[PDB]
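One structure is given below, encoded as structure tokens.
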There are 2 protein chains.
Amino acid sequence: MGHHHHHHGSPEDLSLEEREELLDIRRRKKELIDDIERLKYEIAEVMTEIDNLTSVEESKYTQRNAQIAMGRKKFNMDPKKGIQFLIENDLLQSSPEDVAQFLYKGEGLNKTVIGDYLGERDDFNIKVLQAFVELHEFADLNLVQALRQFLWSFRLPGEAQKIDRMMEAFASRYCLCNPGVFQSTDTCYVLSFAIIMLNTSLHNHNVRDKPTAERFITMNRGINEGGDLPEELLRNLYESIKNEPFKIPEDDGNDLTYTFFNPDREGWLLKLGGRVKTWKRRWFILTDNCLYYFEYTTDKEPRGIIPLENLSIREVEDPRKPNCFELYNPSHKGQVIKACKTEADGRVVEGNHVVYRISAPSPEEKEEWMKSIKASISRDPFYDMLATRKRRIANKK
Amino acid sequence: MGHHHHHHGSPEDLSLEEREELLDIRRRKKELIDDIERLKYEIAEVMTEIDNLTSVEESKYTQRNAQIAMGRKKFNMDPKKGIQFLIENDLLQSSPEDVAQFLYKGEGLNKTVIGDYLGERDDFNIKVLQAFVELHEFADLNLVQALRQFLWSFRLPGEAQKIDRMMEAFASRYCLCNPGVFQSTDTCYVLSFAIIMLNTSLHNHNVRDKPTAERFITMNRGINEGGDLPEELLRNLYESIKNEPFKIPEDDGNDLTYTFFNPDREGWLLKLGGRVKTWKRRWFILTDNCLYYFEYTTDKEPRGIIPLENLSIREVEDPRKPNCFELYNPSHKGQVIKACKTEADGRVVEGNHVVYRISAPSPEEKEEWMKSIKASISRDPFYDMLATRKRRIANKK
Ligand SMILES: O=P(O)(O)O[C@H]1[C@H](O)[C@@H](OP(=O)(O)O)[C@H](OP(=O)(O)O)[C@@H](OP(=O)(O)O)[C@H]1O
Ligand SMILES: O=P(O)(O)O[C@H]1[C@H](O)[C@@H](OP(=O)(O)O)[C@H](OP(=O)(O)O)[C@@H](OP(=O)(O)O)[C@H]1O
């Protein structure tokens with residue numbers, strides 16, 4: 001167009017050849033500088049070699065390296081003994097901060113053992129855990145970003161009490177680094193486990209219900225001490241996890257972050273009677289590691305309650321009913337399972353079941369129920385830990 | 001056995017080949033630098049070719065200001081290297097007095113870096129330090145006022161030997177400026193640290209019990225080479241610090257003047273006897289790596305004295321008493337601990353203890369005493385240096 005000041009060319013303007021040459025020269029100079037730096041480093045190394053360092057003349061590895069290597073192996077066998085060895089032999093200073101730096105570096109250390117050690121209730125270990133989380137720089141990171149760093153540094157212990165200590169230290173550190181984001185440490189803690197469950201949900205194929213961004217927003221309603229967190233904040237967390245699962249060190253495929261299942265379920269099932277083997281359709285609620293069943297969805301009181309403590313599942317083929325499994329106690333063959341139910345007259349009595357045979361409406365519902373029940377049983381101490389924590393999260397109005 | 005931290009050596013340097021290699025590397029580096037310079041020249045030529053001088057460009061370039069700024073930048077990263085750059089660029093003269101004036105003005109200089117440089121043991125640095133203190137006028141100022149002035153000029157280094165050199169230089173200067181105020185340099189030095197400790201005690205919220213003027217006065221009994229300083233002088237110093245904490249430049253909230261804590265302890269505990277296994281309530285005082293115990297808080301004469309050198313402490317189970325710990329000699333198992341105590345007849349005799357078992361009224365107090373005793377045993381180099389000066393402050397030679 002007849003105008004002025006308009007290139008109407010490419011996205012870039014015209015370059016001049018001399019300028020390009022100058023740029024190339026600058027690059028060359030930079031390379032030369034780098035080379036010089038490398039040479040200087042080499043010279044320094046040579047000087048160190050020249051210098052008298054105490055050791056013996058023939059040596060495959062050196063004194064410091066050899067001693068630290070054995071100390072790391074000692075740590076992996078028994079963290080308390082390893083730390084002690086390193087301190088005694090002046091390979092590591094005695095303060096919680098120095099020990100924490102050693103653990104954070106984590107060179108040649110088993111990260112499961114790191115987790116076992118940091119999760120101990122001893123006063124020294126508690127102080128190391130504090131310094132350990134202080135080595136994680138959480139300022140200006142969203143909660144997932146901080147979790148990614150933290151969960152690279154160690155492997156979560158199996159003991160519910162130990163998991164609690166470490167996630168409490170994490171949540172407290174996050175909130176101090178990011179003040180005003182969450183109303184309480186409890187909020188941060190519970191949301192953290194919501195993120196961990198979402199990781200399992202979205203990335204483990206054994207989980208069929210893949211929550212949407214909107215669904216995850218709804219699930220965390222009232223988490224902020226009764227209030228709701230910003231929808232944008234929850235979306236960023238959801239999308240980060242969706243895009244990339246938690247990367248776990250020394251991953252055995254058995255990690256909590258990958259196998260944190262929802263232990264709760266509701267729905268219709270048929271159940272076979274105890275002494276009298278009649279099939280009845282009942283509304284079932286799995287909650288608090290118990291299977292509650294009701295005659296009608298509108299009933300206030302359950303028809304019966306089956307504690308899942310000490311039970312396991314076996315699939316069975318039934319002559320009449322499809323998609324069957326049994327709950328049974330593998331330790332007490334032929335013995336009645338501890339449970340309660342209501343008779344026709346309203347009397348609450350003990351159940352007469354050696355086994356509970358259950359039939360699901362579809363193969364898919366069978367698999368869902370067995371997963372939920374197994375999950376509920378297998379991680380009960382941990383779900384209990386979260387439940388007692390969530391109660392203090394809810395506020396009383 | 002144990003090996004000494006600093007080792008002695010005989011001058012030997014069999015690394016002729018290595019040295020030669022280093023020299024070769026240096027030569028290569030020099031060549032690289034020359035090449036870089038050539039490249040820069042070429043770039044300049046290219047720039048000239050690019051530019052057409054219709055006139056000359058008016059952008060103020062100032063080589064002298066650039067060198068000044070460069071020198072400061074260098075100093076703040078490495079004080080020795082910044083000072084050498086300024087000298088080579090004719091912006092600073094090379095005498096200790098000239099370097100001292102440069103640091104004393106400290107224009108755009110990091111005050112922590114100034115302290116790092118002044119504290120060094122080098123012959124040149126020692127001379128700079130003396131000239132640096134000479135540029136401070138302490139005449140007609142009291143010790144707090146002189147300390148306010150001095151502590152504006154630099155930040156105290158962390159190392160005990162460096163602090164000592166700087167505070168010795170200060171105390172010497174103060175006493176020359178104000179003759180007759182203190183009977184010795186030692187008196188001035190120790191009182192300076194009493195003032196610093198007071199600043200910490202009054203102004204650091206971590207110190208619970210704030211000293212009164214009268215506590216500060218009595219704490220300093222005998223400091224003037226065996227005699228007391230004027231009551232009103234000590235009161236004036238106390239009142240000045242109480243009214244205004246030391247103002248520290250570039251303060252990070254972790255300055256020595258704010259964190260100079262008193263580790264000495266006192267309290268009632270129950271102790272088990274030696275030959276005769278009776279439990280006695282005794283008033284304990286821990287100071288200068290020794291545990292004293294008394295019948296009454298008002299006694300000057302202790303019931304016993306237990307030097308902590310060569311001892312260790314461990315928590316112990318007792319059949320009857322809770323919250324117990326034990327002093328024992330880790331290196332000589334079963335050996336009687338060197339101590340003295342008084343008998344009912346007034347004799348002083350050696351103790352008969354292989355261990356000193358002591359019961360605290362709470363688990364918390366047991367933990368506190370153990371921590372304090374362990375800290376005493378591990379020692380603190382600067383606490384010890386102050387202790388030494390306090391011992392030399394003496395009435396008669
Ligand atoms: O209703 P009828 O055909 O008489 O049979 C009943 C139902 O199957 C009960 O199920 P529900 O309680 O769900 O109604 C069952 O109790 P369980 O709940 O213990 O299975 C009874 O077991 P016994 O009481 O053990 O015979 C059985 O007698
Ligand atoms: O008071 P009685 O019951 O006679 O028993 C005394 C006290 O326990 C003493 O403690 P204290 O000195 O605090 O009064 C102790 O001295 P230690 O202070 O050395 O423990 C004596 O130890 P032996 O002297 O070793 O028996 C012990 O005989």
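The way I read the labels, and the way they are meant: chains A, B, ... in the order of the structure tokens, residue 1 as the first residue of every chain, and ligand 1 as the first ligand shown, with later ones counted on from there.
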Determine which residues of chain B sit within 12 Å of chain A, taking into account only C-alpha atoms, and present them as an MDAnalysis selection string. chainID B and resid 1:51 364 367 371 374:375 378
Quick one: everything within 7 Å of segment 242-249 of chain A, counting only C-alpha atoms, minus sequence neighbours fewer than 3 positions away in the same chain. Send it as a compact mmCIF listing (two decimals) with N, CA, C and O atoms, in the first residue's frame.
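Written file, out-v4.txt:
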```txt
# COMPACT_ATOMS: atom_id res chain seq x y z
N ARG A 148 6.00 -31.51 44.30
CA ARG A 148 6.92 -32.20 43.38
C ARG A 148 8.35 -32.22 43.91
O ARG A 148 9.02 -33.25 43.86
N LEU A 151 8.46 -34.37 47.34
CA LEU A 151 8.31 -35.81 47.08
C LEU A 151 9.44 -36.41 46.21
O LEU A 151 9.48 -37.63 46.01
N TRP A 152 10.34 -35.57 45.71
CA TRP A 152 11.56 -36.11 45.09
C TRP A 152 12.65 -36.43 46.13
O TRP A 152 13.51 -37.28 45.89
N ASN A 199 -3.76 -37.51 41.83
CA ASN A 199 -2.66 -38.11 41.07
C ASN A 199 -2.95 -39.57 40.80
O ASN A 199 -2.81 -40.04 39.67
N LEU A 202 -6.16 -39.82 38.35
CA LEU A 202 -5.92 -39.49 36.95
C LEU A 202 -4.88 -40.40 36.27
O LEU A 202 -4.91 -40.55 35.05
N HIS A 203 -3.98 -40.99 37.05
CA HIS A 203 -2.83 -41.69 36.46
C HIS A 203 -2.74 -43.20 36.71
O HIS A 203 -1.94 -43.89 36.09
N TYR A 238 -5.07 -28.75 39.51
CA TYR A 238 -5.66 -29.84 38.74
C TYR A 238 -4.96 -30.06 37.39
O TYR A 238 -4.66 -31.20 37.02
N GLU A 239 -4.72 -28.97 36.66
CA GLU A 239 -4.09 -29.04 35.34
C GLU A 239 -2.62 -29.46 35.37
O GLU A 239 -2.13 -30.10 34.43
```
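RMSD of chain A versus chain B, all Cα atoms, in-order pairing, least-squares fit: 22.4 Å.
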Taking only C-alpha atoms and all ligand atoms into account, which residues are within 9 Å of ligand 2, as a PDB file with C-alpha atoms, in the first residue's frame?
```
ATOM      1  CA  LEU B 270      18.287 -34.043  92.945  1.00  0.00           C
ATOM      2  CA  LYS B 271      21.650 -35.801  92.926  1.00  0.00           C
ATOM      3  CA  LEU B 272      22.685 -39.319  93.944  1.00  0.00           C
ATOM      4  CA  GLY B 273      25.660 -39.735  96.347  1.00  0.00           C
ATOM      5  CA  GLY B 274      28.988 -41.547  95.806  1.00  0.00           C
ATOM      6  CA  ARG B 275      29.887 -44.222  98.354  1.00  0.00           C
ATOM      7  CA  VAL B 276      26.639 -43.677 100.232  1.00  0.00           C
ATOM      8  CA  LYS B 277      23.733 -43.845  97.778  1.00  0.00           C
ATOM      9  CA  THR B 278      21.515 -41.059  99.095  1.00  0.00           C
ATOM     10  CA  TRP B 279      19.589 -38.502  97.047  1.00  0.00           C
ATOM     11  CA  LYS B 280      20.158 -34.839  97.943  1.00  0.00           C
ATOM     12  CA  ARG B 281      18.468 -31.667  96.714  1.00  0.00           C
ATOM     13  CA  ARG B 282      21.233 -29.326  95.540  1.00  0.00           C
ATOM     14  CA  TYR B 293      26.580 -27.560  93.458  1.00  0.00           C
ATOM     15  CA  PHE B 294      25.569 -25.869  96.700  1.00  0.00           C
ATOM     16  CA  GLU B 295      23.448 -26.535  99.779  1.00  0.00           C
ATOM     17  CA  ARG B 303      29.236 -28.509  98.368  1.00  0.00           C
ATOM     18  CA  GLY B 304      31.102 -29.864  95.349  1.00  0.00           C
ATOM     19  CA  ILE B 305      32.848 -28.988  92.101  1.00  0.00           C
ATOM     20  CA  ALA B 339      36.006 -33.691  91.514  1.00  0.00           C
ATOM     21  CA  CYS B 340      36.177 -32.199  94.964  1.00  0.00           C
ATOM     22  CA  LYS B 341      33.583 -31.805  97.678  1.00  0.00           C
ATOM     23  CA  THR B 342      33.284 -30.951 101.359  1.00  0.00           C
ATOM     24  CA  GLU B 343      32.669 -33.327 104.257  1.00  0.00           C
ATOM     25  CA  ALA B 344      30.531 -32.517 107.326  1.00  0.00           C
ATOM     26  CA  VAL B 349      38.290 -34.244  99.722  1.00  0.00           C
ATOM     27  CA  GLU B 350      38.226 -35.926  96.300  1.00  0.00           C
ATOM     28  CA  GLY B 351      34.868 -37.189  95.023  1.00  0.00           C
ATOM     29  CA  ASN B 352      34.196 -40.940  94.955  1.00  0.00           C
ATOM     30  CA  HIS B 353      31.902 -41.014  91.894  1.00  0.00           C
ATOM     31  CA  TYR B 356      27.082 -38.458  88.801  1.00  0.00           C
TER      32      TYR B 356
END
```
Close residues, residue 129 of chain A itself excluded, 9 Å, only C-alpha atoms, min 3 positions apart in chain, as a PyMOL selection string: chain A and resi 96+100+117-119+124-126+132-134+165-166+169
Residues of the last selection are to be written out with C-alpha atoms, as an mmCIF file, in the first residue's frame.
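Generated output (out-v7.cif):
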```
data_model
loop_
_atom_site.group_PDB
_atom_site.id
_atom_site.type_symbol
_atom_site.label_atom_id
_atom_site.label_comp_id
_atom_site.auth_asym_id
_atom_site.auth_seq_id
_atom_site.Cartn_x
_atom_site.Cartn_y
_atom_site.Cartn_z
ATOM 1 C CA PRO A 96 20.296 -31.041 62.908
ATOM 2 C CA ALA A 100 19.521 -32.316 57.137
ATOM 3 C CA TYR A 117 14.484 -41.515 59.611
ATOM 4 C CA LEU A 118 12.797 -38.119 59.115
ATOM 5 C CA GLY A 119 9.454 -39.573 60.270
ATOM 6 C CA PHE A 124 16.720 -34.904 67.135
ATOM 7 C CA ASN A 125 14.842 -36.368 64.145
ATOM 8 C CA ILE A 126 12.059 -33.778 64.586
ATOM 9 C CA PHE A 132 15.118 -30.632 55.914
ATOM 10 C CA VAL A 133 11.897 -28.867 54.868
ATOM 11 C CA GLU A 134 13.688 -25.510 55.317
ATOM 12 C CA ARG A 165 4.679 -35.763 60.755
ATOM 13 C CA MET A 166 6.209 -35.229 57.333
ATOM 14 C CA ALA A 169 6.203 -30.268 58.296
#
```
Looking at A:396, A:105, A:347, A:155, which one is nearest to ligand 1, with distances taken over only C-alpha atoms and all ligand atoms? A:347
I'd like to know which of A:265, A:258, A:326, A:109 is closest to residue 78 of chain A, using only C-alpha atoms.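 Smallest distance to residue 78 of chain A is found for A:109.
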What residues in segment 56-279 of chain A get the DSSP label strand (DSSP E or B)? Please answer as a JSON list (two decimals) with C-alpha atoms, in the first residue's frame.
```json
[["chain", "number", "residue", "atom", "x", "y", "z"],
["A", 224, "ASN", "CA", -10.48, -23.31, 53.59],
["A", 227, "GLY", "CA", -14.68, -21.16, 53.02],
["A", 265, "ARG", "CA", -18.65, -46.25, 47.81],
["A", 266, "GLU", "CA", -22.43, -46.50, 47.67],
["A", 267, "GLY", "CA", -24.78, -48.57, 45.56],
["A", 268, "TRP", "CA", -27.07, -51.54, 45.05],
["A", 269, "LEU", "CA", -25.96, -55.08, 45.65],
["A", 270, "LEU", "CA", -27.57, -58.42, 46.30],
["A", 271, "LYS", "CA", -26.41, -60.21, 49.44],
["A", 272, "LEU", "CA", -26.92, -63.82, 50.48],
["A", 279, "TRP", "CA", -30.77, -63.31, 48.27]]
```
For the atom pair atom CA of residue 86 of chain B and atom CA of residue 102 of chain B, what is the interatomic distance in Å to one decimal place?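 So the two atoms, atom CA of residue 86 of chain B and atom CA of residue 102 of chain B, lie 10.3 Å apart.
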